[PDB]
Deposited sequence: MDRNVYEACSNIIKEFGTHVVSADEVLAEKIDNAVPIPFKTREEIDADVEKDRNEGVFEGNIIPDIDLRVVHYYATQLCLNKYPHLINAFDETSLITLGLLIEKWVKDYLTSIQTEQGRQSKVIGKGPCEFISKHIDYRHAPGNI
């Protein structure tokens, strides 16, 4: 193909890229489990928290950015690369988590605590009242 978006929409994008370079060098594929395995030492030290690779569906972000730019911002055609899309997912995840974090102490930390969970809490006793669900 000519894109990684079409290649990710039996042959994977890795195979397309490998034949795009005539298999000159191995394709460096890193799964989510391996990515977290190479940052566990720094994760333990607390230098950062959460996942470094976004869990949001970047295809949905790409389609929205495509429609938004092709309708209002025609100067942004082909203006981004792979790292921009990955970072965009991390930033969008940050915006959602912003609405849930609070200053909680145990020194103080800006984390998700008691509040949001209890605000929508529901105690269920399925042994005697299975109809609550």
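Could you name the stretches of the deposited sequence that have no C-alpha atoms in this structure?
Several stretches lack coordinates - namely 1, 11-19, 117-118, in sequence order.
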